Structure formats: C-alpha cells, structure tokens
Amino acid sequence: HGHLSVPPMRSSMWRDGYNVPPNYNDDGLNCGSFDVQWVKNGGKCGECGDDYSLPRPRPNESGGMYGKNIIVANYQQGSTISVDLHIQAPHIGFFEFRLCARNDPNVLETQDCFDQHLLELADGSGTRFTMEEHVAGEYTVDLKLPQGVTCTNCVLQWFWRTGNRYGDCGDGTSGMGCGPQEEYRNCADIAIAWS
Ligand SMILES: [Cu+]
C-alpha cells in the first residue's frame with residue numbers, strides 16, 4: 001500500500017486541498033486486488049490502478065471521478081525531477097515510471113502512450129527503483145525526463161510490482177517474486193514545457 005504523493009496522483013489530490021473527491025483508500029490502487037487482477041481479469045489492470053473490469057474511463061482515469069485534468073505540477077522539459085512515494089505498507093518490489101505525453105484533456109491515456117516514455121532513473125541505474133527494505137515512509141526517486149518532449153496534459157504513471165509471492169521463474173526454477181504479483185498503478189496530471 002502506497003501512493004504517488006509528489007506530484008500528487010488523482011486519488012490523493014484531496015490531501016493537498018484540491019477540489020477532487022477524496023479517496024481514503026488512495027494507498028490501495030492495486031488493480032482491484034490480486035485475485036481480481038489475476039483470477040478475474042487475466043492479469044490486466046486499469047491504466048491508473050483501477051480494476052480492469054470497470055468500464056473506461058475508470059475512476060482514476062481522465063474523465064473518471066478522480067480524473068478532472070487539473071495539472072498538479074509543471075516541469076521543464078528534459079529536467080531531473082524528484083518524485084515522492086508515500087509507502088504505507090512497504091512490500092518489497094520495484095517501481096517504474098512512464099510518461100504519456102498527452103496534449104489534450106479530452107483524449108484518453110492508454111498503456112501504449114505511457115510505454116512510449118519509460119523514464120530512466122537519474123542515477124543511471126535503469127528504469128526500476130528497488131525498495132529493498134520493509135520501511136514505511138516517504139521514498140524519493142529522481143527521474144530524467146526525456147529531452148525534447150513537451151506536453152500540456154501529460155499523465156505520469158507510477159507502477160509498483162510487489163515481490164512477495166512465490167512462483168515459477170520459467171527457467172526450471174521457482175522463487176520469491178517470480179510469477180504474478182500484486183501490482184499498483186497511480187496516475188498524476190502534469191505539464192512539461194521548454195520554459
Ligand atoms: Cu499493500
């Protein structure tokens with residue numbers, strides 16, 4: 001359990017005093033829960049962490065109850081940004097961040113859009129930030145925005161793949177963190193400009 005806090009994701013904007021409906025379970029956007037994701041929905045998840053079986057736009061997607069297209073942060077293109085995750089129950093696993101470089105609030109984000117910009121960690125270590133220790137609190141991740149990419153209505157997607165289930169690793173082996181895991185996604189509305 002945790003949420004993208006800086007910039008604030010859609011279901012957490014109430015915490016900062018925005019006029020968006022509150023979600024007191026904003027730490028629980030776990031794709032409808034593990035069994036719903038993996039037993040009901042074939043491993044699929046909404047773009048923004050909702051149960052995949054809900055119709056689009058889902059509650060945390062643009063046009064859903066929490067998706068009012070209110071920009072919560074403005075960044076310079078190509079800059080290093082520092083994002084904060086509030087981790088309430090610190091399940092082992094890793095985080096990834098994707099940018100849908102959308103320019104119109106009336107079109108809907110898709111995973112294909114997000115997948116065009118998988119964000120690199122500023123430290124050069126790749127695309128996955130690993131939370132190695134079970135410690136609740138605020139985790140900061142420094143990310144490099146892609147050079148030359150600007151967007152007036154961007155969506156930032158945080159993905160958390162937990163690692164607390166044992167499964168077939170596919171190499172003849174099984175292991176902790178192999179196979180399907182509980183997953184979280186959160187979306188935040190941001191803008192990126194040359195400035
Ligand atoms: Cu949790």
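All values below were derived from every heavy atom in this structure, side-chain atoms included, with hydrogens, water molecules and symmetry-related copies excluded. Remember, it's 1-based here, ligands and their atoms both numbered in the order they're listed. The first residue in the sequence is number 1, and the count goes up from there.
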Salt bridge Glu120-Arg98, side-chain N to carboxylate O under 4.0 Å
no
Is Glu61 salt-bridged to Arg56, going by a charged N under 4.0 Å from an acidic O?
yes
For the ring pair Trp14 and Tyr24, is the centre-to-centre distance below 6.0 Å?
yes
Centre-to-centre under 6.0 Å for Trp160 and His91, is that the case here?
yes
Carefully, step by step, assess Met13 and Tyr66 under the rule side chain to side chain contact (heavy atoms under 4.5 Å, CB included).
CA-CA 9 Å; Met13 286 171 69; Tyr66 307 109; over 6 Å; no
Output all residues satisfying side chain to side chain donor-acceptor pair (under 3.5 Å) with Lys40, sequence neighbours left out; order by chain, then residue number.
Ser53
Could you name all protein N, O or S atoms found under 2.8 Å from the Cu ion (ligand 1)?
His1 N, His1 ND1, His91 NE2, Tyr184 OH
